[PDB]
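See below for the structure under consideration.
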Number of protein chains: 2
Amino acid sequence: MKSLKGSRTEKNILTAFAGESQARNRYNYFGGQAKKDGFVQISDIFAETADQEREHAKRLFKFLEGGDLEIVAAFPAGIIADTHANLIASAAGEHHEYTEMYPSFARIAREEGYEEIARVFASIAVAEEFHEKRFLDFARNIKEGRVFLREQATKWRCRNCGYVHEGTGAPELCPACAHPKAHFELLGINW
Amino acid sequence: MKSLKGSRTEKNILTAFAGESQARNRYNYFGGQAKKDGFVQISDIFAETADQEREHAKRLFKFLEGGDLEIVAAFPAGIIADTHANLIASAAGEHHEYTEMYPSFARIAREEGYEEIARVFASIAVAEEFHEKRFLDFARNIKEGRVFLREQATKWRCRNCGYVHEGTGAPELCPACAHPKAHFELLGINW
Ligand SMILES: [Fe+3]
Ligand SMILES: [Fe+3]
Ligand SMILES: [Fe+3]
Ligand SMILES: [Fe+3]
Ligand SMILES: [Zn+2]
Ligand SMILES: [Zn+2]
């Protein structure tokens with residue numbers, strides 16, 4: 001790694017920075033619509049994904065040493081729909097990104113002598129693959145009615161107050177904090 | 001349920017509100033010390049628990065219809081230590097609460113004709129039991145060196161950027177966002 005200035009990798013980094021910046025915003029707006037649709041756990045994962053996009057953008061932006069730079073590129077023009085649709089559009093763009101755009105960008109960085117940047121573009125691809133995965137399972141539970149209803153009794157946690165509930169479905173109201181079903185999630189352990 | 005004024009349940013609600021308010025603060029301070037100790041996932045669970053305490057306090061506070069009211073009660077006087085110790089003090093107080101204090105308070109509410117409040121005190125007890133559980137497993141992994149090291153290869157997620165890593169231990173540095181190991185957690189699915 002030399003200088004980036006004038007290289008193709010230089011425009012590739014700005015282009016990625018540009019689509020990741022917009023993605024932060026759309027995930028943030030999709031999070032607010034999810035909360036409105038009554039899926040608090042899905043709202044918080046949009047917001048988490050938003051924040052992780054900010055951090056992919058920041059590692060990238062830091063490679064730039066430049067001034068003003070012109071790019072040609074395509075981006076979704078809209079749109080905010082119902083949550084299911086939001087989760088499908090998101091997944092589709094995460095898809096294009098880990099299967100198409102970052103493999104290429106990594107290739108050329110590599111090919112221009114920037115292998116570290118190449119690493120970074122490959123590592124981000126990994127993250128976008130989990131993001132898509134997440135978005136697809138949530139969209140499938142929405143499509144199959146299993147957000148707030150499972151087939152054998154399991155335990156549900158209140159995101160708002162931590163209340164735990166043994167049942168096949170979450171309660172219509174939290175007995176502890178009196179927030180509605182929308183606040184409930186599958187209880188999970190990850191330690 | 002009548003009026004609460006003058007009842008014993010009346011002082012019980014304020015006393016619980018008082019210990020839960022302080023608990024919010026101590027969990028918030030324990031979260032900052034955890035971040036300093038290099039346990040980001042544990043930092044965020046302190047902060048989450050803090051927020052759930054706020055919401056137990058709020059359901060309670062809303063039952064009050066009163067003016068100024070005198071209480072006698074004991075509270076921890078201090079202290080902020082290392083994270084392990086923080087997790088053990090927290091668990092001990094969560095313990096006293098679900099095994100002793102809220103069972104009683106629920107009893108008397110019940111016994112004074114306030115069964116709904118009684119429910120609420122029982123439902124909060126449930127939440128505090130999961131909180132303790134959480135705190136104990138994290139303190140055990142800290143004691144056994146398994147926060148950031150497992151015995152068979154498993155996958156670790158970067159909290160900062162979503163990067164996923166297959167291995168027995170988390171990386172020393174995230175390849176995607178270049179944040180240190182402290183940001184990694186066991187990857188979990190709960191949908
Ligand atoms: Fe992504
Ligand atoms: Fe609740
Ligand atoms: Fe608690
Ligand atoms: Fe990372
Ligand atoms: Zn990204
Ligand atoms: Zn509480």
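We label chains A, B, ... in the order they appear in the structure tokens, count residues from 1 in each chain, and number ligands from 1 in the order shown.
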Shell of 9 Å around ligand 2 (only C-alpha atoms and all ligand atoms), written as a list in words:
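Residues lying within 9 Å of ligand 2: residues 157, 158, 159, 160, 161, 162, 163, 164, 173, 174, 175, 176, 177, 178, 179, 180, 183 and 184 of chain A; 52, 55, 56, 123, 124 and 127 of chain B.
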May I have the residues within 6 Å of ligand 3, computed using only C-alpha atoms and all ligand atoms, as a ChimeraX atom specification?
/B:94,128,131
So that I have them on file, write out the residues from the current selection with C-alpha atoms, as a compact mmCIF listing (two decimals), in the first residue's frame.
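Okay, this is what ended up in result09.txt:
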# COMPACT_ATOMS: atom_id res chain seq x y z
CA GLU B 94 -31.40 -9.53 43.05
CA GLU B 128 -35.31 -10.35 38.99
CA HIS B 131 -31.43 -10.95 36.08
So which residues are near ligand 1, meaning at most 12 Å away with only C-alpha atoms and all ligand atoms counted, given back as a PyMOL selection string?
(chain A and resi 16+19-27+45-57+89-98+102+123-135) or (chain B and resi 161-163)
For the strand (DSSP E) assignment from backbone DSSP, which residues of region 87-186 of chain A qualify? Please present them as a ChimeraX atom specification.
/A:149-158,164-169,184-186
Residue selection dump (N, CA and C atoms) as a PDB file, in the first residue's frame:
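Final output, result_39.pdb:
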ATOM      1  N   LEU A 149     -45.963 -16.397  18.549  1.00  0.00           N
ATOM      2  CA  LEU A 149     -46.600 -17.699  18.625  1.00  0.00           C
ATOM      3  C   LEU A 149     -45.716 -18.838  18.117  1.00  0.00           C
ATOM      4  N   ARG A 150     -45.442 -19.801  19.004  1.00  0.00           N
ATOM      5  CA  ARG A 150     -44.604 -20.947  18.612  1.00  0.00           C
ATOM      6  C   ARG A 150     -45.445 -22.210  18.780  1.00  0.00           C
ATOM      7  N   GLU A 151     -44.933 -23.356  18.322  1.00  0.00           N
ATOM      8  CA  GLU A 151     -45.820 -24.555  18.318  1.00  0.00           C
ATOM      9  C   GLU A 151     -45.604 -25.329  19.594  1.00  0.00           C
ATOM     10  N   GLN A 152     -44.435 -25.350  20.230  1.00  0.00           N
ATOM     11  CA  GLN A 152     -44.561 -25.927  21.580  1.00  0.00           C
ATOM     12  C   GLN A 152     -44.272 -24.788  22.569  1.00  0.00           C
ATOM     13  N   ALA A 153     -44.747 -24.922  23.790  1.00  0.00           N
ATOM     14  CA  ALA A 153     -44.503 -23.998  24.870  1.00  0.00           C
ATOM     15  C   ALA A 153     -43.026 -23.650  24.938  1.00  0.00           C
ATOM     16  N   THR A 154     -42.716 -22.357  24.975  1.00  0.00           N
ATOM     17  CA  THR A 154     -41.305 -21.961  25.113  1.00  0.00           C
ATOM     18  C   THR A 154     -41.229 -20.697  25.954  1.00  0.00           C
ATOM     19  N   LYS A 155     -40.036 -20.154  26.232  1.00  0.00           N
ATOM     20  CA  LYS A 155     -40.148 -18.937  27.037  1.00  0.00           C
ATOM     21  C   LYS A 155     -39.758 -17.696  26.214  1.00  0.00           C
ATOM     22  N   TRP A 156     -40.634 -16.730  26.471  1.00  0.00           N
ATOM     23  CA  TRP A 156     -40.727 -15.380  25.960  1.00  0.00           C
ATOM     24  C   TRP A 156     -40.228 -14.324  26.956  1.00  0.00           C
ATOM     25  N   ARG A 157     -39.383 -13.386  26.524  1.00  0.00           N
ATOM     26  CA  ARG A 157     -38.926 -12.321  27.414  1.00  0.00           C
ATOM     27  C   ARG A 157     -39.463 -10.971  26.903  1.00  0.00           C
ATOM     28  N   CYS A 158     -39.901 -10.207  27.880  1.00  0.00           N
ATOM     29  CA  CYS A 158     -40.253  -8.810  27.793  1.00  0.00           C
ATOM     30  C   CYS A 158     -38.964  -7.986  27.651  1.00  0.00           C
ATOM     31  N   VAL A 164     -40.185 -12.791  32.321  1.00  0.00           N
ATOM     32  CA  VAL A 164     -40.136 -14.045  31.528  1.00  0.00           C
ATOM     33  C   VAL A 164     -41.462 -14.802  31.685  1.00  0.00           C
ATOM     34  N   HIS A 165     -42.020 -15.325  30.601  1.00  0.00           N
ATOM     35  CA  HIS A 165     -43.303 -15.965  30.403  1.00  0.00           C
ATOM     36  C   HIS A 165     -43.246 -17.325  29.711  1.00  0.00           C
ATOM     37  N   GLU A 166     -43.682 -18.391  30.371  1.00  0.00           N
ATOM     38  CA  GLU A 166     -43.632 -19.761  29.822  1.00  0.00           C
ATOM     39  C   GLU A 166     -44.941 -20.009  29.053  1.00  0.00           C
ATOM     40  N   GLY A 167     -44.862 -20.318  27.743  1.00  0.00           N
ATOM     41  CA  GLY A 167     -46.085 -20.476  26.947  1.00  0.00           C
ATOM     42  C   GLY A 167     -45.767 -20.706  25.484  1.00  0.00           C
ATOM     43  N   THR A 168     -46.781 -20.919  24.661  1.00  0.00           N
ATOM     44  CA  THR A 168     -46.446 -21.118  23.236  1.00  0.00           C
ATOM     45  C   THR A 168     -46.376 -19.767  22.495  1.00  0.00           C
ATOM     46  N   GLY A 169     -47.103 -18.783  22.993  1.00  0.00           N
ATOM     47  CA  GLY A 169     -47.263 -17.445  22.504  1.00  0.00           C
ATOM     48  C   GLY A 169     -46.911 -16.398  23.553  1.00  0.00           C
ATOM     49  N   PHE A 184     -42.325  -8.429  23.437  1.00  0.00           N
ATOM     50  CA  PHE A 184     -41.783  -9.775  23.725  1.00  0.00           C
ATOM     51  C   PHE A 184     -40.936 -10.399  22.641  1.00  0.00           C
ATOM     52  N   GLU A 185     -39.982 -11.200  23.087  1.00  0.00           N
ATOM     53  CA  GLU A 185     -39.092 -11.921  22.201  1.00  0.00           C
ATOM     54  C   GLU A 185     -38.837 -13.350  22.682  1.00  0.00           C
ATOM     55  N   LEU A 186     -38.209 -14.206  21.881  1.00  0.00           N
ATOM     56  CA  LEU A 186     -37.869 -15.548  22.381  1.00  0.00           C
ATOM     57  C   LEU A 186     -36.806 -15.377  23.433  1.00  0.00           C
TER      58      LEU A 186
END
Residue nearest chain B among A:10, A:60, A:83, A:28 (counting only C-alpha atoms):
A:60
For residue 107 (chain B): contacts at 10 Å, only C-alpha atoms, fewer than 3 positions along chain excluded, given as a list in words:
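The residues satisfying every condition are residues 9, 102, 103, 104, 110, 111, 112, 114, 115, 118, 119, 121 and 122 of chain B.
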Can you write out the residues you just picked, keeping N, CA, C and O atoms, as a CSV table (one decimal), in the first residue's frame?
chain,number,residue,atom,x,y,z
B,9,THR,N,-49.0,-1.5,52.3
B,9,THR,CA,-48.6,-1.7,50.9
B,9,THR,C,-48.1,-0.4,50.3
B,9,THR,O,-47.2,-0.3,49.5
B,102,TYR,N,-39.9,-9.2,47.6
B,102,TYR,CA,-41.1,-9.1,46.9
B,102,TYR,C,-42.1,-10.2,47.3
B,102,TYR,O,-43.3,-9.9,47.2
B,103,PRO,N,-41.7,-11.4,47.6
B,103,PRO,CA,-42.7,-12.4,48.1
B,103,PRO,C,-43.6,-11.8,49.3
B,103,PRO,O,-44.8,-11.8,49.2
B,104,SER,N,-42.9,-11.3,50.3
B,104,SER,CA,-43.6,-10.5,51.3
B,104,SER,C,-44.5,-9.4,50.9
B,104,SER,O,-45.7,-9.4,51.2
B,110,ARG,N,-51.9,-8.4,48.9
B,110,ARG,CA,-52.9,-9.5,48.8
B,110,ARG,C,-53.8,-9.4,50.0
B,110,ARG,O,-55.0,-9.3,50.0
B,111,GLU,N,-53.0,-9.6,51.1
B,111,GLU,CA,-53.7,-9.5,52.4
B,111,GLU,C,-54.3,-8.2,52.7
B,111,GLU,O,-55.2,-8.1,53.5
B,112,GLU,N,-53.9,-7.1,52.0
B,112,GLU,CA,-54.7,-5.9,52.4
B,112,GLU,C,-55.7,-5.7,51.3
B,112,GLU,O,-56.4,-4.6,51.3
B,114,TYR,N,-55.3,-5.7,47.9
B,114,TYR,CA,-54.7,-5.2,46.7
B,114,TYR,C,-54.1,-6.4,45.9
B,114,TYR,O,-52.9,-6.7,46.0
B,115,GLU,N,-54.9,-7.1,45.1
B,115,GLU,CA,-54.4,-8.3,44.5
B,115,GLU,C,-53.6,-8.0,43.3
B,115,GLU,O,-52.6,-8.6,42.9
B,118,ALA,N,-50.4,-7.0,44.0
B,118,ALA,CA,-49.8,-8.3,44.4
B,118,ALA,C,-49.2,-9.0,43.2
B,118,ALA,O,-48.1,-9.5,43.2
B,119,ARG,N,-50.0,-9.0,42.1
B,119,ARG,CA,-49.5,-9.6,40.9
B,119,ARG,C,-48.2,-9.0,40.4
B,119,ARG,O,-47.2,-9.7,40.0
B,121,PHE,N,-46.1,-7.3,42.0
B,121,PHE,CA,-44.9,-7.6,42.8
B,121,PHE,C,-44.4,-9.0,42.5
B,121,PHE,O,-43.2,-9.2,42.5
B,122,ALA,N,-45.3,-10.0,42.3
B,122,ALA,CA,-44.9,-11.3,41.9
B,122,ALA,C,-44.2,-11.3,40.5
B,122,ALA,O,-43.2,-12.0,40.2
Can you pull out the residues contacting residue 72 (chain A)? Cut-off 12 Å, using only C-alpha atoms, and skip same-chain residues under 5 positions away; I want them as a PyMOL selection string.
chain A and resi 11-12+14-16+18-19
Next, dump the selected residues to file, keeping only N, CA and C atoms, as a CSV table (one decimal), in the first residue's frame.
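The resulting out35.csv:
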chain,number,residue,atom,x,y,z
A,11,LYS,N,-11.9,5.2,-5.7
A,11,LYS,CA,-13.3,5.5,-5.9
A,11,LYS,C,-14.2,4.4,-5.3
A,12,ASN,N,-13.6,3.2,-5.2
A,12,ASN,CA,-14.4,2.0,-4.7
A,12,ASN,C,-14.8,2.3,-3.2
A,14,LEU,N,-14.9,5.2,-1.7
A,14,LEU,CA,-16.0,6.2,-1.6
A,14,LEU,C,-17.3,5.7,-2.0
A,15,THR,N,-17.3,4.8,-2.9
A,15,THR,CA,-18.7,4.4,-3.3
A,15,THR,C,-19.4,3.5,-2.3
A,16,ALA,N,-18.6,2.7,-1.7
A,16,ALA,CA,-19.0,1.8,-0.6
A,16,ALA,C,-19.4,2.7,0.6
A,18,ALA,N,-20.5,5.6,0.4
A,18,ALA,CA,-21.7,6.2,0.1
A,18,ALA,C,-22.9,5.3,0.2
A,19,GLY,N,-22.8,4.0,-0.1
A,19,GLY,CA,-24.0,3.2,0.0
A,19,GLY,C,-24.1,2.8,1.4
Using DSSP on the backbone coordinates, identify all residues within region 69-143 of chain A classified as helix (DSSP H, G or I); present the result as an MDAnalysis selection string.
chainID A and resid 83:111 115:143
Hey, can you check how far CA of residue 82 (chain B) sits from CA of residue 141 (chain B)?
14.5 Å
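Among the candidates B:101, B:64, B:5, B:76, the one nearest to ligand 6 when counting only C-alpha atoms and all ligand atoms is B:101.
With only C-alpha atoms and all ligand atoms as the basis for measurement, A:59 is the residue among A:140, A:8, A:59, A:35 that approaches ligand 5 most closely.
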Interatomic distance (Å, one decimal) between CA of residue 80 (chain B) and CA of residue 105 (chain B)
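Interatomic distance here is 28.6 Å.
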Using only C-alpha atoms and all ligand atoms, which of A:88, A:137, A:58, A:67 sits nearest ligand 4?
A:58
Compile the contact shell of residue 84 (chain A) as number ranges by chain: residues with an atom at most 8 Å away, counting only C-alpha atoms, same-chain residues fewer than 2 positions apart removed.
A: 82, 86-88, 139, 142-143
Residue subset to file, keeping N, CA and C atoms, as a compact mmCIF listing (two decimals), in the first residue's frame:
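And here's result-v3.txt as it stands now:
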# COMPACT_ATOMS: atom_id res chain seq x y z
N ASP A 82 -44.31 -1.58 4.56
CA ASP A 82 -44.52 -2.41 5.73
C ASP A 82 -43.28 -3.17 6.12
N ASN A 86 -39.95 -4.27 4.16
CA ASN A 86 -38.67 -3.62 4.54
C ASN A 86 -37.60 -4.66 4.74
N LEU A 87 -38.00 -5.78 5.36
CA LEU A 87 -36.97 -6.77 5.65
C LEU A 87 -36.50 -7.44 4.37
N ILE A 88 -37.40 -7.54 3.37
CA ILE A 88 -36.97 -8.16 2.11
C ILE A 88 -36.09 -7.23 1.29
N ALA A 139 -38.16 -11.99 8.44
CA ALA A 139 -39.27 -11.88 7.47
C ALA A 139 -40.04 -13.21 7.38
N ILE A 142 -42.51 -13.46 10.16
CA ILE A 142 -43.63 -12.54 9.95
C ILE A 142 -44.56 -13.23 8.95
N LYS A 143 -44.01 -13.65 7.82
CA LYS A 143 -44.87 -14.35 6.85
C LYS A 143 -45.55 -15.54 7.52
